[PDB]
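Enquirer: Top line first, the protein sequences correspond to chains A and B.
As numbered in full-length UniProt numbering, residues 85 to 94 make up the first sequence, in order.
As numbered in full-length UniProt numbering, residues 301 to 371 make up the second sequence, in order.
Take this structure, written in structure tokens, and hold onto it; I'll ask about it next.
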Amino acid sequence: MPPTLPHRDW
Amino acid sequence: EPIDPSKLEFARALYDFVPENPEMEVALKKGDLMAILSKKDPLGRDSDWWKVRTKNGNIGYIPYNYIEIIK
Numbered sequence: 085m086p087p088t089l090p091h092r093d094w
Numbered sequence: 301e302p303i304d305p306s307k308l309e310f311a312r313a314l315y316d317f318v319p320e321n322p323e324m325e326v327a328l329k330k331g332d333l334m335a336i337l338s339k340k341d342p343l344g345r346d347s348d349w350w351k352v353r354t355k356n357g358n359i360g361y362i363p364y365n366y367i368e369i370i371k
């Protein structure tokens, strides 16, 4: 139900 | 990177968010309000992670798709 998290660079 | 406070955008949390990295990211509870400080990354690059200031006063990055810009 929680959106996928965007790729983070850290 | 500076900006005119007057064109500042605000946002609202659409969902709860738990920082995987507390050093770079800030927590959010659905419904919280925050000011978008920047949509770039710490390197000036476009980013799906935005720097914001929340009500409690924390500064940091949150997932762009977890919020809604108020206009």
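Think of the CB as a built atom: it goes at the ideal place given N, C-alpha and C, for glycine as much as any other residue.
Do you know offhand how far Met334(B)'s Cα is from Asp93(A)'s?
Expert: 23 Å
Enquirer: Taking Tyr315(B) as part of the beta strand (DSSP E), name the residues at either end of that continuous run.
Expert: No beta strand (DSSP E) holds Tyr315(B); DSSP gives it neither H nor E.
Enquirer: Specify the secondary structure class of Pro305(B) as computed by DSSP and reduced to three states.
Expert: helix
Enquirer: Taking only beta carbons into account, state which residues of the region 345-364 of chain B come closer than 9 Å to chain A, listed in chain order.
Expert: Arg345, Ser347, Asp348, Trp349, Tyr361, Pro363, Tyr364
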